[PDB]
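Don't worry about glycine lacking a Cβ; one is built from the backbone with ideal geometry, like all the others, and counts go over all protein chains shown. Rule-based calculations on the coordinates, nothing more; no lab input.
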Amino acid sequence: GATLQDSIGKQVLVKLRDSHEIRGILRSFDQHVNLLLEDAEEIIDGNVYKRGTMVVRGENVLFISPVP
Amino acid sequence: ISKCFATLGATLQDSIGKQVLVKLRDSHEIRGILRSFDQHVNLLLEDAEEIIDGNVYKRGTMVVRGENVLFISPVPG
Amino acid sequence: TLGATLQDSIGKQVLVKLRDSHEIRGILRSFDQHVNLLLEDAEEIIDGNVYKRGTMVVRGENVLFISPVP
Amino acid sequence: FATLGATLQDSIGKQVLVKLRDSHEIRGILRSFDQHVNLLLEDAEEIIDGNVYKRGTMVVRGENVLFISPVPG
Amino acid sequence: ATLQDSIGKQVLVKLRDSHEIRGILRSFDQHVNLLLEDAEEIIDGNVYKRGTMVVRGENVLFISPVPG
Amino acid sequence: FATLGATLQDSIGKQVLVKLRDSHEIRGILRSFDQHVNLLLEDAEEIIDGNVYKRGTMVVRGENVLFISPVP
Amino acid sequence: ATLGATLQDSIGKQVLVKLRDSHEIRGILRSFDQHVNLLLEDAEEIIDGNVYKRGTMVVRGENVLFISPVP
């Protein structure tokens, strides 16, 4: 919350269950850690795949960290 | 989503009729035109296809259980 | 409607993938709100083999998707 | 509603095939079941790597059940 | 009904993540938690004696009284 | 209480083996536990690929516990 | 003795946190709630022996396996 609030408009790293790695601009989030990201991208086997708008279910989120 | 319009609901509402990339638990990747959804994020896709080992498998009409959805991303034009 | 579309598949053959890489095909007879399923003339597809199972009841908790086979 | 219970009702006393999460394959005579799909099986056996392992009486939690199908014969 | 009959007898229990255990069933509850005595794990076909073991029902696949 | 409760209450102060989801194996002295089987271990250690990694004090979530076995 | 008391006394200290799917993280414990959700600072992931610094990280309790203050 605190942190997520401070990260609105910032790029965040998100990892999910089943070894998924995503980066995106955090636009919104809720208490269930559901997320709306913009200019989102998946990092798969070292390759970047741009996705654009992405909504993420919080149930599978492992962690979120604003990119330095 | 119900209590989740600001994160999940609005984008899904706005994606009706557009092609979306959906990833599911157990490494499944599906693309399809979003036609409908419910409170539990179950989805209705038309002209849906699975991408397995880089290969495309067309399936037509697909009902997807929201319980196993990881993310939904409308494909950039 | 997710509901109408499944209603429309009763009596038809559908593809159902489940958690843990399971792939099944069968005639959709019945289904409930939790997407539990009753399939007839069902079969399991495993490494390309087809194993006929006949009548099969499927727990919706582990269902990934259902699609009619054209 | 014929969905789960109907078939199960009709398979009592007959051999059934059940697969569970984590690739488990079991066969056995269905003696009873409930609304959570927990099952009681007798003369049960596991099929591991194509080999059969007889177990006898087995209680199975419905939570990990994938499907149940009465054995065609 | 089956567990009550198995109090005092050896049972085979398999859990999520491929775990296989045998032990004497001493008690159980409505959540399918088990208390086993003289319990042992079977791992790669080798047996590891453990003694007293309490097992959470949430991860139980099946419980089978060992014939005999 | 006759299943998990008694044994955990009876294991306070003793070395327990705890296995968790995803193949994790841990041993430690059981100092406390709560309603959901979250555990407090002291002198804890992880066993990985046959090697012991000492960790000291460890809080363990009950949600992912498979079993708890006092070491004989 | 309390699990709560233990985590409280670890605030400001480096902790090792492991999660489902084999994730291993280290970081300075700043905040935690009753669901074991965590706020770590100067956090880093350890992947195949490699350390990846991440900075501030919120960790969902739902997938936490264990939390141990680094001795």
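What is the spin-label model distance, in nm, from F:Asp10 to B:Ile33 if the labels are put 7 Å beyond Cα along the C-beta direction? It works out to 6.6 nm between the two label points. If one computes the Cα centroid of segment D:1-29 and of segment C:44-70, what distance in Å separates the two points? Between the Cα centres of segment D:1-29 and segment C:44-70 lies a distance of 14 Å. Calculated on the Cα set of chain A, radius of gyration then Dmax: 10.9, 32 Å.
Under 1.5 on a/c is rounded, so check that first for the protein assembly as shown, then, if it is not, pick prolate when a/b is larger than b/c and oblate when it is not; a ≥ b ≥ c are the square roots of the alpha carbon gyration tensor eigenvalues.
Working: a/c = 2.07, a/b = 1.01, b/c = 2.04.
Note, shape of the protein assembly as shown comes out oblate.
The phi torsions of segment F:55-60, fed into the Karplus equation with coefficients 6.51, -1.76 and 1.60 and a -60° offset, translate into couplings of 10, x, 7, 9, 9, 10 Hz, rounded to whole numbers, with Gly and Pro shown as x. Only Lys, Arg, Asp and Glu carry charge here, each on its Cβ (+1 for the first two, -1 for the last two); on that basis the protein assembly as shown has a dipole of about 440 debye about its Cα centre.
The ranking of G:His35, D:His24 by Cβ neighbour count inside 10 Å, starting from the fewest, reads G:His35, D:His24.
Could you work out the helix-only [θ] at 222 nm for chain D, with each DSSP H run of four or more residues adding -39,500 (n - 2.57) and the total divided by the number of residues, to the nearest 500 deg cm²/dmol?
My calculation for chain D gives -1500 deg cm²/dmol from helical runs alone.
Other protein chain C-beta atoms within 10 Å of residue C-beta, averaged over G:17-25: 5.
At a threshold of 8 angstrom on Cα-Cα distance, excluding pairs fewer than six apart, so keeping six or more, what relative contact order does chain B reach in percent?
Details: 148 pairs, mean separation 22.3, N = 77.
Rounded, it is 29 percent for chain B.
List the residues of segment D:1-24 whose backbone N lies under 18 Å from a point placed 7 Å from the Cα of B:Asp26 along the Cα-to-Cβ direction. The answer is D:18-24, whose backbone nitrogens lie closer than 18 Å to the label point. This model, with +1 at the C-beta of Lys and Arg and -1 at the C-beta of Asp and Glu, gives chain C a dipole about its Cα centre of some 60 debye.
For segment E:21-36, 3J(HN,Hα) computed residue by residue from phi via the Karplus equation (6.51, -1.76, 1.60; θ = phi - 60°) reads 9, 10, x, 8, 6, 9, 7, 7, 10, 6, 9, 6, 5, 10, 10, 10 Hz, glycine and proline entered as x. Taking every residue in B:32-38 and counting other chain Cβ atoms within 10 Å of its Cβ, the average works out to 2. Residue pairs exceeding 24 angstrom between C-alpha atoms, taken from F:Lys19/G:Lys13; A:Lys15/F:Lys54; D:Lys19/E:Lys9; E:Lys14/F:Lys19; E:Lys9/E:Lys49: F:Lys19/G:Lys13; A:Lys15/F:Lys54; D:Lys19/E:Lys9.
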